[PDB]
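S.K.: Just passing along the structure, written as structure tokens.
FYI the Cβ positions are ideal-geometry reconstructions off the backbone, even for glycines, and counts take in every protein chain you see. Derivation of every value follows stated rules applied to the coordinates shown; laboratory data play no part.
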């Protein structure tokens, strides 16, 4: 298999400031948030997946369940609740952030050694290419 379990370093980061502006978060958040770049790390035992991100600035840790509906509560980032479903179309991953907005949701996929993810929010598609450093 492809076993998502990996170490993904951040190479790029596009339209990330407008993405925070689009989600209407605070100015102090965007001041600190830009100069930073979090290193992602994926862990998956089987039908349980834990998405670990490690920054000394507010740990962004998420847990998930594949094929089973997910719910989420945020109080530090654009404090919204959405209904999210993580599934496997084929050999990729997708998430439908079912809530407000016209364009909410992320798209995942693997291009061998690099991720080609896309993140939208109110119509602003930002992208972040990572480099699997396994």
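S.K.: If R₀ is 22 angstrom, what is the calculated FRET efficiency for the pair residue 68 and residue 100, using the beta carbon separation as r and rounding to 0.05?
M.R.: Here the calculated transfer efficiency is 0.45.
S.K.: Restricting to DSSP H runs of at least four residues, report the calculated mean residue ellipticity at 222 nm for the chain, -39500 (n - 2.57) per run over all residues, nearest 500 deg cm²/dmol.
M.R.: -3000 deg cm²/dmol
S.K.: Treat the count of other C-beta atoms within 10 Å as a stand-in for reagent exposure and order 114, 69 from fewest to most.
M.R.: 69, 114
S.K.: Oh, and also: Given a Förster radius of 35 Å and the C-beta distance between residue 87 and residue 55 as r, what FRET efficiency does 1/(1 + (r/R0)^6) yield to the nearest 0.05?
M.R.: Here the calculated transfer efficiency is 0.80.
S.K.: Now for a different question. What full-extension length gain, to one decimal in nm, is calculated for residue 34 and residue 5 as 0.36 nm per residue of separation minus the Cα-Cα distance?
M.R.: That pair, residue 34 and residue 5, stretches by 7.8 nm at full extension.
S.K.: While we're on this one: Taking a quarter of the surface of the Cα convex hull of the chain, what do you get in nm²?
M.R.: Projected area, direction-averaged: 7.9 nm².
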